[PDB]
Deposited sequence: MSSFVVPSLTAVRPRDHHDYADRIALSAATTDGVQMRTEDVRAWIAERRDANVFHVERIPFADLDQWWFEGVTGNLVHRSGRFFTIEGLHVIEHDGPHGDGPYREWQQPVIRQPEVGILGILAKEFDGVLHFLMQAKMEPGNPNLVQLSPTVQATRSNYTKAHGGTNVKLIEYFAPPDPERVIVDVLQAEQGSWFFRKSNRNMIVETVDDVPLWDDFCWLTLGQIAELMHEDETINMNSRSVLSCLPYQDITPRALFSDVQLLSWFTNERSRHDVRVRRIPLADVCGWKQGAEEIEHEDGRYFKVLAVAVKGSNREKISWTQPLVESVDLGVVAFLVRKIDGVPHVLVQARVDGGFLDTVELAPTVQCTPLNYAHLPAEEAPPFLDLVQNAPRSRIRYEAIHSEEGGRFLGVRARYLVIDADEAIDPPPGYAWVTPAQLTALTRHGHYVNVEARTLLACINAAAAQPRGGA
């Protein structure tokens, strides 16, 4: 039984869902209320605690790594990075050490899809996570990892029905804070009469697109999985042909010389471990801290950033076809040297001790951009199972003038980014968030 290589293309179904905002379950206006209601019904709150009051976590003796005594969950370890300028790397030279999150296991982030009245809906979960700054955001249907093996609906993803897979791909998490970690992003259709429990809501993609314009609503794991949806390209031209884009990126992945090693947390230079936080000696980057989730239900470390981040794509129409200016970013926690990232991705406080000329390219342009050139803006936060209130302004900004890309940057269409999300290690988490925001703004312009 062979089938066409392109069998069961879901692009028309996806497009229909993106165009529809009347969902079977709730009108969109209500969802904030439903969220507000689950936001309100949520019993759990979170308090900062000293490391010593962690239960079942400890700084293990020889490495000083922060680990769970069961071996489950993640660890905080050390990382040393050097980017060489030498005989075989373009540089410039960079060298540092930092804590890093490690968890050498792939988790499942799965969204279940099902047709109602001829239109696909997606089963979103109102989920409390301790680092969400507003506690409850909307997560994938299933968010689970095998070292924890009961999760509702995990049977639809472990293994998925091969006949019903829309998306199934490994995608990397933040390159600055995790060491080489990816999760399996999945979207799978069912025709089954699935149960519906209070924390779940069926939404069309058009409803999700409206919600994607809201601050701190569609959570980071959901935006990563939704960014992988395979829409049909409406304008199948680009400045680089797809071959030229892969050649450009090949050169970017080849031209650096970056050497990374994992080291004991106790060995990390430049960071100070106190009774309540581990922090950089000059107050940059991030802090590791500890929280209790409340009797106490559990305790765990979290990572918090030192400020609000800025993450933006500059957009230009080239012969009528919008392109975004990607950067082939080199981060210490990437598996394969570079990943494509947004035009600007940074926490501005980390550059504030430097002269303006050492700031990331385009940061000033983005920070000064007028409302009249801002095509999309919202504040989103990062995975609340690992990060405490890590927030950034996510922007899409029309560039008023043509820009000759600097080394490391290139004009790419959003459709080329969507195509690359069939594979791992091409599009980084922040760029996947902006791709989902671009797709949302295209489906349901505000």
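Within the chain's deposited sequence, the coordinate-free stretches run 1-10, 160-166, 312-316, 469-471 in sequence order.
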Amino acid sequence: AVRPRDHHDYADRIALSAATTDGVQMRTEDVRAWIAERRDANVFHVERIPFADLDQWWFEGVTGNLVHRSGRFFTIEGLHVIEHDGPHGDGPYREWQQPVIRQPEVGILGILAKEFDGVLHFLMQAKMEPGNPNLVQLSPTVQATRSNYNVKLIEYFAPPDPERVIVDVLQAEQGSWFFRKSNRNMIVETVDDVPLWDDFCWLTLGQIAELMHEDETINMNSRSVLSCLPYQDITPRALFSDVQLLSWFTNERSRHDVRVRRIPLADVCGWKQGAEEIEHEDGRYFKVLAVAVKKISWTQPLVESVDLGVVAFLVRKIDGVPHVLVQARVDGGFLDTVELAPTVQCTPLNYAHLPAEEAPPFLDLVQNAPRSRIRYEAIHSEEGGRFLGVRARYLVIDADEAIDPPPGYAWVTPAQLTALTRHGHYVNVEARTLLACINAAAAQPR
From here on, numbers count along this sequence of modelled residues.
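In this entry, the higher average B-factor at the C-alpha atoms falls on 399-407, of the pair 384-392 and 399-407. For the segment pair 170-178 and 259-267, the entry gives 259-267 the higher mean B-factor, averaged over Cα atoms.
The entry assigns its greatest Cα B factor, within the set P160, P230, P236, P87, to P87. If you compare the C-alpha temperature factors of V330, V151, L203, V326 in the entry, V151 comes out highest. Ranked by Cα temperature factor within the chain, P140 sits in the lowest third according to the deposited record. In the deposited entry, the Cα temperature factor of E214 places it in the middle third of its chain's modelled residues. Remark: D22 belongs to the highest third of its chain, ranked by C-alpha B-factor as recorded. When the modelled residues of the chain are ordered by their C-alpha B factor, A126 lands in the middle third.
Sorting the modelled residues of the chain by their CA temperature factor places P342 in the lowest third.
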